[PDB]
Every structure is written in C-alpha cells, then in structure tokens.
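Structure first, then comments.
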Amino acid sequence: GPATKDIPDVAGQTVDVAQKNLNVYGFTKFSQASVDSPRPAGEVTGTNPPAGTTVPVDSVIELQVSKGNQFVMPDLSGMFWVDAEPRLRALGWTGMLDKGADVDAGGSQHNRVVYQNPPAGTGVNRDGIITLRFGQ
C-alpha cells in the first residue's frame, strides 16, 4: 500500500476530534503539544506541517493544542486589601494586583473590593492578573 499520505489541517475543532479526523484520512500516528493562545484549552490551532504535506503513513503528526493559559479563578470577591494579601499568597498568585480606582467609603463602611473586571468563576491568565476597584 502507499506509505505516504498528505495531512489535512485539522485546525478548528477539538484536538481529540482533530486527531480522530486525521486518523480517518490517515491511520497515522499523532501526538499533541499545548501552546499558549487565546483559544480555550482543548482547541487545536493546527499541526506543525501545513495541509498538503505528504508524510509517511507511519509517521507522527504533531497537533498544536491551544491552551487558553487561563484557569477558572476561585471566589474571593468582596474583601479588603488586608484580607486579599493572605488570600493571594494562599492561592499562590504570582501576578500583580492592579488596583484601578478606589471608591470613597471608609474603613468604617468596610473598604471592600466592590467591582473587579475579571469576576470569579471566569478564566484568568496564568498570571492571575486582575484589575479591581475597592473602598479607599
């Protein structure tokens, strides 16, 4: 039989689906590698060689899996800066806390974080960088 087959680009679906799809046209060997991208973790942005590349049918194809670089941030909204610091280290956060504006309220009124641009439960980059506004 033929020992070479041209690979289609399976950039657009899930890596599993892409690997399965190529396997249907190939029966080749596949391996996956995750690279940082805005694409959510699991989506494949493609293969190293472009569509139309003839490869040996017994060779291995490398699927570039895009990792969003993001993780679901746990809940910690509505806290003070003095509560934040222990929480940040407990959470092992490496990034910077970007404080935008402070809202007039006062310690007596409880200077808590009121609004943050990236909410808890939303995916935040590996650096965990969140910009927020809290009481002054």
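Going by the structure tokens order, chains are called A, B, ..., each with residues numbered from 1, while ligands are numbered from 1 in the order shown.
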(request) Using only C-alpha atoms, determine which residues lie at most 7 Å from residue 45 in chain A, disregarding the query and same-chain residues fewer than 5 positions distant; provide the list as a list in words. (result)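 Skipping anything fewer than 5 positions along the chain leaves residues 11, 12, 64, 65 and 66 of chain A.
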(request) Would you kindly return, as a ChimeraX atom specification, each protein, DNA or RNA residue with an atom no farther than 12 Å from any atom of residue 72 in chain A, considering only C-alpha atoms and excluding same-chain residues fewer than 6 positions away? (result) /A:40-41,118-126,128
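Minimum atom-to-atom distances from A:43, A:102, A:75, A:6 to residue 25 in chain A were compared using only C-alpha atoms, and the lowest value belongs to A:6.
Contact shell of residue 91 in chain A at 9 Å (only C-alpha atoms; same-chain neighbours under 4 positions omitted): residues 74, 86 and 87 of chain A.
You can rank A:57, A:131, A:48, A:42 by their closest distance to residue 23 in chain A using only C-alpha atoms, and at the top of that list sits A:57.
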(message) Give me the residues near residue 135 in chain A as a list in words, where near means some atom within 9 Å (using only C-alpha atoms) and where sequence neighbours in that chain fewer than 5 positions away do not count.
(response)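 Using only C-alpha atoms, the neighbours found are residues 80, 101, 102, 103, 104, 105, 106, 107, 109, 110, 111, 112, 113 and 114 of chain A.
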Would you write out those residues with C-alpha atoms, as a compact mmCIF listing (two decimals), in the first residue's frame?
# COMPACT_ATOMS: atom_id res chain seq x y z
CA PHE A 80 -10.34 44.03 51.98
CA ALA A 101 -9.74 53.44 41.34
CA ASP A 102 -10.71 53.49 44.95
CA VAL A 103 -14.19 54.30 45.99
CA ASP A 104 -14.97 56.66 48.79
CA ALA A 105 -16.45 54.83 51.71
CA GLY A 106 -14.02 54.49 54.52
CA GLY A 107 -12.87 51.72 56.82
CA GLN A 109 -18.09 51.47 55.88
CA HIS A 110 -15.90 48.47 55.07
CA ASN A 111 -13.38 49.05 52.35
CA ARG A 112 -14.01 46.01 50.33
CA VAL A 113 -13.49 45.22 46.74
CA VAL A 114 -16.73 46.15 45.03
(request) Counting only C-alpha atoms, figure out which residue out of A:15, A:97, A:61, A:73 gets nearest to residue 85 in chain A. (result) A:97
(request) Mind giving me the straight-line distance from CA of residue 27 in chain A to CA of residue 39 in chain A in Å, one decimal? (result) 26.8 Å
(request) Excluding residue 53 in chain A and residues on its chain fewer than 5 positions from it, collect all residues at most 10 Å away from it, counting only C-alpha atoms, and give them as a ChimeraX atom specification. (result) /A:4-9
Would you mind exporting the chosen residues as a PDB file, in the first residue's frame, restricted to C-alpha atoms?
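Written out: selection.pdb:
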ATOM      1  CA  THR A   4       2.875   8.253   2.453  1.00  0.00           C
ATOM      2  CA  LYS A   5      -0.240  10.294   2.938  1.00  0.00           C
ATOM      3  CA  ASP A   6      -0.876  14.032   2.845  1.00  0.00           C
ATOM      4  CA  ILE A   7      -2.124  15.551   6.025  1.00  0.00           C
ATOM      5  CA  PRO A   8      -5.203  17.792   6.175  1.00  0.00           C
ATOM      6  CA  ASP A   9      -5.260  20.701   8.568  1.00  0.00           C
TER       7      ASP A   9
END
(request) Name the residues in contact with residue 30 in chain A at a cut-off of 7 Å, using only C-alpha atoms, excluding same-chain residues fewer than 4 positions from it; report them as JSON, numbers by chain. (result) {"A": [19, 60, 61, 62]}
Residues of the last selection are to be written out with N, CA and C atoms, as a PDB file, in the first residue's frame.
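That gives us out-v5.pdb:
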ATOM      1  N   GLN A  19      -7.569  14.797  15.886  1.00  0.00           N
ATOM      2  CA  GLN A  19      -6.749  13.601  15.839  1.00  0.00           C
ATOM      3  C   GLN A  19      -7.535  12.442  15.285  1.00  0.00           C
ATOM      4  N   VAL A  60       4.515  10.384  12.834  1.00  0.00           N
ATOM      5  CA  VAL A  60       3.749  11.017  13.851  1.00  0.00           C
ATOM      6  C   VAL A  60       3.453  12.477  13.470  1.00  0.00           C
ATOM      7  N   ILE A  61       2.229  12.868  13.652  1.00  0.00           N
ATOM      8  CA  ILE A  61       1.769  14.205  13.371  1.00  0.00           C
ATOM      9  C   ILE A  61       1.629  14.945  14.696  1.00  0.00           C
ATOM     10  N   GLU A  62       2.078  16.168  14.746  1.00  0.00           N
ATOM     11  CA  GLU A  62       2.016  16.947  15.949  1.00  0.00           C
ATOM     12  C   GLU A  62       0.895  17.974  15.891  1.00  0.00           C
TER      13      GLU A  62
END
(request) Rank nothing, just name the residue among A:17, A:76, A:130, A:44 nearest to residue 95 in chain A, using only C-alpha atoms. (result) A:130
(message) Among range 11-90 of chain A, which ones does DSSP assign to alpha helix (DSSP H) (computed from the backbone)? Answer as a list in words.
(response)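 DSSP-assigned alpha helix (DSSP H) residues in range 11-90 of chain A: residues 15, 16, 17, 18, 19, 20, 21, 22, 23, 24, 25, 26, 81, 82, 83, 84, 85, 86, 87, 88, 89 and 90 of chain A.
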Next, dump the selected residues to file, keeping only N, CA and C atoms, as a compact mmCIF listing (two decimals), in the first residue's frame.
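Saved file part_20.txt follows:
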# COMPACT_ATOMS: atom_id res chain seq x y z
N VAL A 15 -8.94 18.99 19.78
CA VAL A 15 -7.77 18.21 19.43
C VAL A 15 -8.13 16.74 19.26
N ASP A 16 -8.98 16.22 20.14
CA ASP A 16 -9.41 14.83 20.06
C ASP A 16 -10.11 14.57 18.75
N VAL A 17 -10.97 15.49 18.37
CA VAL A 17 -11.74 15.36 17.15
C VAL A 17 -10.81 15.51 15.96
N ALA A 18 -9.86 16.40 16.07
CA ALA A 18 -8.89 16.62 15.02
C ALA A 18 -8.03 15.38 14.79
N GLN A 19 -7.57 14.80 15.89
CA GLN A 19 -6.75 13.60 15.84
C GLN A 19 -7.54 12.44 15.28
N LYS A 20 -8.78 12.33 15.70
CA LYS A 20 -9.65 11.29 15.20
C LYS A 20 -9.93 11.50 13.73
N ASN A 21 -10.18 12.75 13.36
CA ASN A 21 -10.48 13.09 11.99
C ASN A 21 -9.33 12.76 11.07
N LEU A 22 -8.12 13.12 11.49
CA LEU A 22 -6.95 12.87 10.66
C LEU A 22 -6.67 11.40 10.55
N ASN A 23 -6.93 10.68 11.63
CA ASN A 23 -6.79 9.26 11.70
C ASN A 23 -7.70 8.60 10.66
N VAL A 24 -8.86 9.17 10.43
CA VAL A 24 -9.79 8.66 9.42
C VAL A 24 -9.19 8.79 7.99
N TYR A 25 -8.41 9.83 7.78
CA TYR A 25 -7.80 10.08 6.47
C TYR A 25 -6.37 9.56 6.44
N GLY A 26 -5.91 9.01 7.54
CA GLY A 26 -4.52 8.71 7.66
C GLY A 26 -4.21 7.37 8.22
N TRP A 81 -8.13 44.77 51.32
CA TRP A 81 -6.78 44.57 50.81
C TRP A 81 -5.99 43.73 51.83
N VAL A 82 -6.32 43.90 53.10
CA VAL A 82 -5.61 43.20 54.16
C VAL A 82 -6.07 41.77 54.26
N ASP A 83 -7.18 41.48 53.62
CA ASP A 83 -7.69 40.13 53.56
C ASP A 83 -7.19 39.51 52.28
N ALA A 84 -7.09 40.36 51.26
CA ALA A 84 -6.62 39.98 49.96
C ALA A 84 -5.23 39.39 50.02
N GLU A 85 -4.26 40.10 50.62
CA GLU A 85 -2.86 39.63 50.63
C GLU A 85 -2.69 38.16 51.11
N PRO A 86 -3.20 37.77 52.33
CA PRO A 86 -3.14 36.38 52.77
C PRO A 86 -3.83 35.43 51.78
N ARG A 87 -4.95 35.87 51.21
CA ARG A 87 -5.68 35.05 50.23
C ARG A 87 -4.84 34.84 48.97
N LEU A 88 -4.13 35.87 48.56
CA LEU A 88 -3.34 35.83 47.32
C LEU A 88 -2.20 34.84 47.47
N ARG A 89 -1.48 34.94 48.57
CA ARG A 89 -0.40 34.01 48.86
C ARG A 89 -0.90 32.59 49.09
N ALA A 90 -2.08 32.46 49.71
CA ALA A 90 -2.70 31.15 49.94
C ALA A 90 -3.10 30.52 48.60
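Counting only C-alpha atoms and comparing A:129, A:34, A:108, A:13, the residue that lies closest to residue 67 in chain A is A:34.
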(request) Quick one: pull the distance between CA of residue 59 in chain A and CA of residue 29 in chain A, Å, one decimal. (result) 5.8 Å
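The list of residues with at least one atom within 7 Å of residue 132 in chain A, based on only C-alpha atoms and without residues fewer than 6 positions apart in the same chain, reads residues 98, 99, 100, 113, 115, 116 and 117 of chain A.
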Just the selected residues (C-alpha atoms), exported as an mmCIF file, in the first residue's frame, please.
data_model
loop_
_atom_site.group_PDB
_atom_site.id
_atom_site.type_symbol
_atom_site.label_atom_id
_atom_site.label_comp_id
_atom_site.auth_asym_id
_atom_site.auth_seq_id
_atom_site.Cartn_x
_atom_site.Cartn_y
_atom_site.Cartn_z
ATOM 1 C CA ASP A 98 -3.858 46.030 39.653
ATOM 2 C CA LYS A 99 -5.812 48.497 41.557
ATOM 3 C CA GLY A 100 -7.766 50.897 39.452
ATOM 4 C CA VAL A 113 -13.488 45.221 46.738
ATOM 5 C CA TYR A 115 -16.046 45.519 41.402
ATOM 6 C CA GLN A 116 -13.367 43.712 39.512
ATOM 7 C CA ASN A 117 -13.043 43.464 35.765
#
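Of the residues under consideration (A:55, A:79, A:10, A:3), A:79 shows the shortest atom-to-atom contact distance to residue 133 in chain A when counting only C-alpha atoms.
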(message) I'd like the interatomic distance between CA of residue 63 in chain A and CA of residue 2 in chain A, to a tenth of an Å.
(response)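 Interatomic distance here is 22.8 Å.
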(request) Looking only at strand (DSSP E) from DSSP on the backbone, list the matching residues of chain A as a ChimeraX atom specification. (result) /A:4-7,29-36,43-47,53-56,60-67,70-72,97-103,113-116,123-125,130-135
